[PDB]
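J.: Here's a structure for you.
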Amino acid sequence: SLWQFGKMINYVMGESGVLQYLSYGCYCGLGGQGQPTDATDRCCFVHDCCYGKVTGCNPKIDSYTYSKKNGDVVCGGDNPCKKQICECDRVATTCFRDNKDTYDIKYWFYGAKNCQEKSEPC
């Protein structure tokens with residue numbers, strides 16, 4: 001669920017991470033539009049497309065199984081649809097970490113009005 005995605009982000013990126021990442025660029029959140037602004041936003045674009053591949057279960061709402069030990073995230077569980085959701089979230093979080101050095105606060109709470117161009121499709 002997105003609740004869990006936030007908890008994951010906070011664990012991997014730190015306490016400021018939910019607010020830092022879940023309005024950023026054109027795609028960090030869900031249901032973004034336009035062109036990804038940078039690599040972090042591309043993490044979010046892929047995450048949104050990842051959720052779009054989850055057909056069995058609701059990636060926004062449904063609760064998955066995951067571990068948080070020594071600073072990282074491993075997905076688990078024996079419901080493969082929920083694990084698929086978890087992996088979308090985990091991947092995104094690792095992508096955020098990998099791209100932290102190009103995080104630009106210009107894109108923090110950027111706003112849909114700055115993304116009104118043609119959307120890149122999944």
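Ligands are numbered from 1 in the order shown, chains are lettered A, B, ... in the order of the structure tokens, and residues start at 1 in each chain.
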Please identify all polymer residues within 8 Å of residue 90 in chain A, counting only C-alpha atoms, omitting same-chain residues fewer than 2 positions from it, and present them as a PyMOL selection string.
T.: chain A and resi 5+8+73-75+86-88+92-94
J.: Write the residues of the preceding selection, restricted to C-alpha atoms, as an mmCIF file, in the first residue's frame.
T.:
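As written to disk, result_26.cif reads:
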data_model
loop_
_atom_site.group_PDB
_atom_site.id
_atom_site.type_symbol
_atom_site.label_atom_id
_atom_site.label_comp_id
_atom_site.auth_asym_id
_atom_site.auth_seq_id
_atom_site.Cartn_x
_atom_site.Cartn_y
_atom_site.Cartn_z
ATOM 1 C CA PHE A 5 5.638 2.786 0.493
ATOM 2 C CA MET A 8 9.769 2.186 3.192
ATOM 3 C CA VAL A 73 14.256 -3.398 2.147
ATOM 4 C CA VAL A 74 13.648 -6.968 1.083
ATOM 5 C CA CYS A 75 10.214 -7.982 -0.075
ATOM 6 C CA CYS A 86 6.180 -4.536 -2.747
ATOM 7 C CA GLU A 87 8.811 -4.876 -5.437
ATOM 8 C CA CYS A 88 7.503 -1.815 -7.273
ATOM 9 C CA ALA A 92 11.603 2.867 -6.457
ATOM 10 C CA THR A 93 13.122 3.428 -3.085
ATOM 11 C CA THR A 94 16.437 2.012 -4.194
#
J.: Any chance you could list, as JSON, numbers by chain, the residues in chain A that come up alpha helix (DSSP H) when DSSP is run on the backbone?
T.: {"A": [2, 3, 4, 5, 6, 7, 8, 9, 10, 11, 12, 13, 17, 18, 19, 20, 21, 39, 40, 41, 42, 43, 44, 45, 46, 47, 48, 49, 50, 51, 52, 80, 81, 82, 83, 84, 85, 86, 87, 88, 89, 90, 91, 92, 93, 94, 95, 96, 97, 98]}
J.: Write the selection just made, keeping C-alpha atoms, as a PDB file, in the first residue's frame?
T.:
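Result saved to part_24.pdb:
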ATOM      1  CA  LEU A   2       1.099   3.604  -0.265  1.00  0.00           C
ATOM      2  CA  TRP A   3       1.195   3.697   3.536  1.00  0.00           C
ATOM      3  CA  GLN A   4       3.880   1.036   3.363  1.00  0.00           C
ATOM      4  CA  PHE A   5       5.638   2.786   0.493  1.00  0.00           C
ATOM      5  CA  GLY A   6       5.935   5.807   2.770  1.00  0.00           C
ATOM      6  CA  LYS A   7       7.296   3.722   5.600  1.00  0.00           C
ATOM      7  CA  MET A   8       9.769   2.186   3.192  1.00  0.00           C
ATOM      8  CA  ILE A   9      10.887   5.543   1.917  1.00  0.00           C
ATOM      9  CA  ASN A  10      11.369   6.798   5.447  1.00  0.00           C
ATOM     10  CA  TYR A  11      13.473   3.776   6.286  1.00  0.00           C
ATOM     11  CA  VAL A  12      15.687   3.939   3.226  1.00  0.00           C
ATOM     12  CA  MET A  13      15.876   7.665   2.683  1.00  0.00           C
ATOM     13  CA  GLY A  17      11.825  11.139   2.809  1.00  0.00           C
ATOM     14  CA  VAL A  18       8.065  10.837   2.438  1.00  0.00           C
ATOM     15  CA  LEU A  19       7.619  14.481   2.142  1.00  0.00           C
ATOM     16  CA  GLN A  20      10.737  14.766  -0.004  1.00  0.00           C
ATOM     17  CA  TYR A  21       9.615  12.159  -2.495  1.00  0.00           C
ATOM     18  CA  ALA A  39      16.349  10.697 -12.767  1.00  0.00           C
ATOM     19  CA  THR A  40      14.470  10.774  -9.490  1.00  0.00           C
ATOM     20  CA  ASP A  41      11.285  11.562 -11.359  1.00  0.00           C
ATOM     21  CA  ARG A  42      12.080   8.712 -13.726  1.00  0.00           C
ATOM     22  CA  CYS A  43      12.193   6.421 -10.701  1.00  0.00           C
ATOM     23  CA  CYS A  44       8.650   7.551 -10.072  1.00  0.00           C
ATOM     24  CA  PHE A  45       7.602   7.143 -13.657  1.00  0.00           C
ATOM     25  CA  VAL A  46       8.770   3.557 -13.573  1.00  0.00           C
ATOM     26  CA  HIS A  47       6.977   3.097 -10.252  1.00  0.00           C
ATOM     27  CA  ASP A  48       3.733   4.349 -11.684  1.00  0.00           C
ATOM     28  CA  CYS A  49       4.105   2.021 -14.688  1.00  0.00           C
ATOM     29  CA  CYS A  50       4.959  -0.768 -12.258  1.00  0.00           C
ATOM     30  CA  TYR A  51       1.712  -0.250 -10.393  1.00  0.00           C
ATOM     31  CA  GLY A  52      -0.045  -0.271 -13.754  1.00  0.00           C
ATOM     32  CA  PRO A  80       2.761 -13.043  -5.490  1.00  0.00           C
ATOM     33  CA  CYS A  81       0.510 -10.111  -6.394  1.00  0.00           C
ATOM     34  CA  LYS A  82       1.262  -8.410  -3.094  1.00  0.00           C
ATOM     35  CA  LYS A  83       4.954  -9.173  -3.516  1.00  0.00           C
ATOM     36  CA  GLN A  84       4.779  -7.578  -6.934  1.00  0.00           C
ATOM     37  CA  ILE A  85       3.428  -4.426  -5.345  1.00  0.00           C
ATOM     38  CA  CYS A  86       6.180  -4.536  -2.747  1.00  0.00           C
ATOM     39  CA  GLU A  87       8.811  -4.876  -5.437  1.00  0.00           C
ATOM     40  CA  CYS A  88       7.503  -1.815  -7.273  1.00  0.00           C
ATOM     41  CA  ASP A  89       7.934   0.135  -4.040  1.00  0.00           C
ATOM     42  CA  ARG A  90      11.292  -1.366  -3.125  1.00  0.00           C
ATOM     43  CA  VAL A  91      12.749  -0.735  -6.576  1.00  0.00           C
ATOM     44  CA  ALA A  92      11.603   2.867  -6.457  1.00  0.00           C
ATOM     45  CA  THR A  93      13.122   3.428  -3.085  1.00  0.00           C
ATOM     46  CA  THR A  94      16.437   2.012  -4.194  1.00  0.00           C
ATOM     47  CA  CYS A  95      16.246   4.194  -7.308  1.00  0.00           C
ATOM     48  CA  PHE A  96      15.665   7.248  -5.126  1.00  0.00           C
ATOM     49  CA  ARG A  97      18.751   6.369  -3.128  1.00  0.00           C
ATOM     50  CA  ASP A  98      20.805   5.747  -6.246  1.00  0.00           C
TER      51      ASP A  98
END
J.: Give the answer as one residue: which of A:24, A:114, A:29, A:38 has the shortest atom-to-atom distance to residue 99 in chain A, using only C-alpha atoms?
T.: A:38
J.: Taking into account only C-alpha atoms, which residue in the set A:58, A:1, A:37, A:79 is nearest to residue 106 in chain A?
T.: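 Counting only C-alpha atoms, the residue closest to residue 106 in chain A is A:37.
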J.: Could you pull out the strand (DSSP E) residues of range 16-112 of chain A, going by DSSP on the backbone, and write them as an mmCIF file with N, CA and C atoms, in the first residue's frame?
T.:
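Wrote result-v2.cif, looks like this:
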data_model
loop_
_atom_site.group_PDB
_atom_site.id
_atom_site.type_symbol
_atom_site.label_atom_id
_atom_site.label_comp_id
_atom_site.auth_asym_id
_atom_site.auth_seq_id
_atom_site.Cartn_x
_atom_site.Cartn_y
_atom_site.Cartn_z
ATOM 1 N N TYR A 66 6.958 -7.047 4.055
ATOM 2 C CA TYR A 66 8.335 -6.665 3.805
ATOM 3 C C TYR A 66 9.121 -6.533 5.114
ATOM 4 N N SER A 67 10.423 -6.646 4.952
ATOM 5 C CA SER A 67 11.438 -6.433 5.949
ATOM 6 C C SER A 67 12.311 -5.187 5.686
ATOM 7 N N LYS A 68 12.724 -4.650 6.839
ATOM 8 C CA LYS A 68 13.372 -3.475 7.259
ATOM 9 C C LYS A 68 14.315 -3.936 8.387
ATOM 10 N N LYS A 69 15.517 -4.140 7.942
ATOM 11 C CA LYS A 69 16.578 -4.532 8.871
ATOM 12 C C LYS A 69 17.835 -3.889 8.309
ATOM 13 N N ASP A 72 17.791 -1.594 5.000
ATOM 14 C CA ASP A 72 17.283 -1.854 3.655
ATOM 15 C C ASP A 72 15.981 -2.617 3.709
ATOM 16 N N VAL A 73 15.509 -2.838 2.492
ATOM 17 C CA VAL A 73 14.256 -3.398 2.147
ATOM 18 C C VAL A 73 14.373 -4.679 1.300
ATOM 19 N N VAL A 74 13.836 -5.714 1.763
ATOM 20 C CA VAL A 74 13.648 -6.968 1.083
ATOM 21 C C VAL A 74 12.186 -7.270 1.049
ATOM 22 N N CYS A 75 11.584 -7.524 -0.089
ATOM 23 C CA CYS A 75 10.214 -7.982 -0.075
ATOM 24 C C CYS A 75 10.080 -9.475 0.120
#
J.: Could you work out how far CA of residue 110 in chain A lies from CA of residue 25 in chain A, giving the answer in Å with one decimal?
T.: 5.4 Å
J.: Of the residues A:31, A:76, A:59, A:36, which is the one nearest to residue 107 in chain A, using only C-alpha atoms?
T.: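 Of the candidates, the smallest distance to residue 107 in chain A is held by A:36.
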